[PDB]
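>>> Sharing an experimental structure here, sequence included.
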Amino acid sequence: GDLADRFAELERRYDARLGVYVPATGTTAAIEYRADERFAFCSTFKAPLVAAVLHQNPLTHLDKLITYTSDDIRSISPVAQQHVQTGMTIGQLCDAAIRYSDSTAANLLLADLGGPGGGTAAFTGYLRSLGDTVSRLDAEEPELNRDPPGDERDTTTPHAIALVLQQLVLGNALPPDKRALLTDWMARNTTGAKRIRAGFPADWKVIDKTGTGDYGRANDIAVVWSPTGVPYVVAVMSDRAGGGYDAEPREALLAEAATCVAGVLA
C-alpha cells in the first residue's frame with residue numbers, strides 16, 4: 001500500500017493541499033507528505049511562542065501581571081477580551097494563547113520577547129536556535145493568517161515545525177519543568193477536538209495546537225502517546241488555496257489525515 005496515494009486522495013476529495021510530517025524513531029519510519037513545502041503557521045506558532053518565553057525567563061516570570069486595553073484586542077481573543085480591567089499574568093497569557101488560540105495573548109507574549117516587528121523577529125530567532133532555518137514570522141495577529149499563497153512570510157514547513165515540537169515536548173530544548181508546563185497547556189487545548197484528536201483512538205493521549213487562516217488554512221501540530229506510552233510528533237498542515245482567500249478550512253481533512261497516520265503508527 002502507499003500512504004502517499006491515500007494523502008493524495010484526501011487532497012482530491014477536500015480540494016486541498018496537505019502537508020504531513022511525523023519524525024522517524026528507532027522503531028518507525030518518518031511519515032512525510034509535502035513535508036518541505038511551506039504552509040502558513042497561523043496559530044500553530046503560539047506553541048513555540050510560549051516555549052520562547054519560557055526559554056528566556058525564570059518560571060517566576062509567569063506571575064508577572066500584564067495590563068492592556070480594549071484597543072489591544074485582536075481577532076480572536078476569547079480570554080484576553082474578558083480581562084481588560086484585571087490584566088492577565090504571563091502564565092495566564094500562555095494558557096490562553098495555547099488553549100484558546102488567544103491572539104491578544106500571543107501578541108502580548110511577542111511583546112514580552114520584544115524587539116523589532118513587535119517580537120516577530122525574536123520569535124523567528126528562537127526557531128533559528130532550534131535548528132529551523134526555513135520558518136519565519138513576519139506579522140503579528142491577525143495579519144499573520146492572511147498572506148497570499150506562495151508568500152514565504154509567516155510560513156513554516158511540516159518538517160520544520162514537527163522537529164521544533166519534537167525538541168520542545170520530547171527533547172531537551174526546555175528544562176523538564178518548563179517542558180511540563182508547555183506540555184500541560186497543549187494537553188488541555190480546547191480548540192482541537194475535530195482535528196488530530198478526532199483521528200486517533202481514545203486510548204492515545206493527544207496534546208495539540210491548532211491554526212486556522214485565510215485560503216482555507218487549517219493546521220494542527222500534536223504530540224501523541226500510544227496506549228503503551230510511546231510518543232510521536234504529528235504535524236498536519238493544510239490549505240484550500242484553490243478556493244480563494246475565503247475558502248473554508250476543513251477540520252475533517254486534518255481528522256482524516258490523522259486517521260491515516262494513526263493507522264500507520266498503531
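Here it is on my side, so go on. Residues are numbered from 1 along each chain as shown.
>>> Please enumerate the helices of the chain.
Listed in chain order, the helices of the chain (DSSP state H) span 3-14, 46-55, 90-99, 103-113, 120-129, 158-170, 176-187, 196-199, 251-265.
>>> Can you say which of those is packed in most?
With neighbours defined as mean count of other C-beta atoms under 10 Å, these peak in mean count at helix 46-55, which reaches a mean of 26. To be clear about C-beta, it is placed using only N, CA and C from the backbone, and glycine gets the same treatment.
>>> ok, residues contacting that one?
Helix 46-55 is contacted from outside by 61, 90, 94, 97-98, 101, 105-106, 109-110, 112-113, 122-123, 126-127, 129-130, 161, 164-165, 168, 173-174, 178, 181-182, 185-186, 209, 221, using C-beta atoms under 8 Å, 6 or more residues apart in numbering.
>>> quick one on the thing from earlier: out of the helices of the chain, flag the one nearest residue 142.
helix 103-113 (5.8 Å; C-beta to C-beta).
>>> So which residues make contact with the closest one?
Contacts of helix 103-113 (C-beta under 8 Å, 6+ apart): 43, 45-46, 49-50, 52-53, 56, 66, 68, 72-77, 79-81, 88, 90, 92-94, 96-97, 118-120, 122-123, 126, 140-142.
>>> can we see that at 7 Å?
Here helix 103-113 makes contact (C-beta atoms under 7 Å, 6 or more residues apart in numbering) with 46, 49-50, 52-53, 66, 68, 72-77, 79-81, 90, 93-94, 96-97, 118-120, 122-123, 140-142.
>>> now stretch 69-84
68, 88, 96, 100, 101, 102, 103, 104, 105, 107, 141, 142.
>>> residues in contact with the third one?
Neighbour list for residue 96: 79, 80, 88, 102, 105 [criterion: C-beta under 7 Å, 6+ apart].
>>> Could I get the contacts of stretch 69-84 in TSV, plus columns for distance to residue 29?
Putting the contacts of stretch 69-84 into TSV (distance: C-beta to C-beta, whole Å) gives the following:
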residue	distance to residue 29
68	46
88	43
96	37
100	35
101	32
102	36
103	37
104	41
105	37
107	39
141	36
142	37
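>>> what's the closest of the residues you listed to residue 259?
residue 101 (23.2 Å).
>>> Burial check on the nearest residue to that closest one once chain neighbours are set aside, number of neighbours?
Counting by C-beta to C-beta, 6 or more residues apart in numbering, residue 101 lies nearest to residue 43, which is 4.3 Å off, once chain neighbours are set aside. Using other C-beta atoms under 10 Å, residue 43 has 27 neighbouring residues.
>>> Residue 186 versus residue 43, what's the distance?
For residue 43, the distance to residue 186 equals 12 Å [C-beta to C-beta, to the nearest Å].
>>> and for these two, which residues touch both?
Both residue 43 and residue 186 are in contact with residue 209, where contact means C-beta under 7 Å, 6+ apart.
>>> Quick check: the farthest pair among the contacts of residue 96?
By the measure C-beta to C-beta, 88 and 102 form the most distant pair in the contacts of residue 96, at 9.1 Å.
>>> Give me the more crowded residue out of these two.
residue 102 (29 against 24).
>>> Contact partners for that one?
77, 78, 79, 80, 96 are the contacts of residue 102 under C-beta under 7 Å, 6+ apart.
>>> Quick check: the gap between the residue lying closest to residue 28 once chain neighbours are set aside and residue 208.
Excluding the flanking residues, the one nearest residue 28 by C-beta to C-beta, 6+ apart is residue 265, at 6.6 Å. Noted for residue 265: a distance of 15 Å to residue 208, by C-beta to C-beta.
>>> try residue 110
In this view, residue 110 and residue 208 are 21 Å apart by C-beta to C-beta.
>>> now residue 192
From residue 192 over to residue 208 (counting by C-beta to C-beta), the distance is 4 Å.
>>> Can you check which residues contact both of the two?
residue 220.
>>> Which one's more surrounded, these two?
The neighbour comparison of residue 192 against residue 208 (other C-beta under 10 Å) goes to residue 208, with 27 against 22.
>>> now that one, which residues is it bridged with?
residue 222 (DSSP bridges).
>>> same question, the one 10 residues further on
For residue 218, the beta-bridge partners under DSSP bridges are residue 212.
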